[PDB]
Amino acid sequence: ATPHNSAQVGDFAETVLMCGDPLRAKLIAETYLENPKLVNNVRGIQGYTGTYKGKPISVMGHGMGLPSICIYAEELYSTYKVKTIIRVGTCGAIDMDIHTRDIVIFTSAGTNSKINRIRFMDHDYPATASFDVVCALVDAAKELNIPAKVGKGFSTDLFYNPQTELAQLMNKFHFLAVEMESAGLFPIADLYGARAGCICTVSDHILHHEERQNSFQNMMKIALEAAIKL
């Protein structure tokens, strides 16, 4: 159907969970979904569709970086008529009060990318997560009683950031963590009148040096339960 997806309209559920690592998306499909079927593996992206508690749901990788997730997200909403995309994954803590293994739910994401300025006449677009998804993710966290921090995320274009002062500036403004897709995902969902959200498990801290499965599995429970709520 598309240059990056061999599946046809209907092969994907209206709700898709996406992580950067394709092997992780496969693991997720084999571990949490019932009767998972590979609906798209163009570029080894591992796109699956199965069911969770009887409801249809798809999991697929989205590569690293805004440009990558932008291709997939726009194709999903536009062609496969997906309604909700929840980015699930890892991130790097910024805030001194955030620690490795913590789970973070993004209210929004800042970025050093130029993409949003391009789509928004060179102004400040607030890459905001859909309030419905933020609420579903937080309620799930409350119902499951899993501690989660809610706040600003930062989607960097530079994993290895030359601007070494940025980290501290972000800590001062209390950005929770850093990943590489949210800022791109959120605006695309707005454009298509759809929904997007993000939840991550801190795999490491960037301002200092600091069982990792429990954290990840807990995050998955939240994302999955929130998917059912939506």
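Residue numbers here begin at 1 and follow the sequence given.
Engineer: I'd like the number of residues from the deposited sequence that lie between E210 and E211 yet are not in the model, binned as none, 1 to 3, 4 to 9, or 10 or more.
Structural biologist: The entry has a gap there, with 4 to 9 residues left out between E210 and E211.
Engineer: Do the CA atoms of 162-170 or those of 29-37 have the higher mean B-factor in the entry?
Structural biologist: Comparing 162-170 with 29-37, the higher average CA B-factor belongs to 29-37.
Engineer: According to the deposited model, is the average Cα temperature factor higher in 78-86 or in 119-127?
Structural biologist: Per the PDB record, 78-86.
Engineer: Within this chain's modelled residues, let me know which third the CA B factor of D132 belongs to: lowest, middle or highest.
Structural biologist: According to the entry, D132 has a C-alpha B-factor in the chain's middle third.
Engineer: By the recorded C-alpha temperature factor, relative to the other modelled residues in its chain, which third is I98 in?
Structural biologist: Within its chain, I98 is a highest-third residue by C-alpha B-factor, going by the deposited values.
Engineer: Going by the entry, which third of its chain does the Cα temperature factor of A226 land in?
Structural biologist: Lowest third - that is where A226 ends up once the chain's C-alpha B-factors are sorted.
Engineer: Where does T51 sit by CA temperature factor within its chain: lowest, middle or highest third?
Structural biologist: Top third by C-alpha B-factor.
Engineer: Lowest, middle or highest third: where is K114 by Cα B-factor in its chain?
Structural biologist: For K114, whose C-alpha B-factor we compare with every modelled residue in the chain, the answer is the lowest third.
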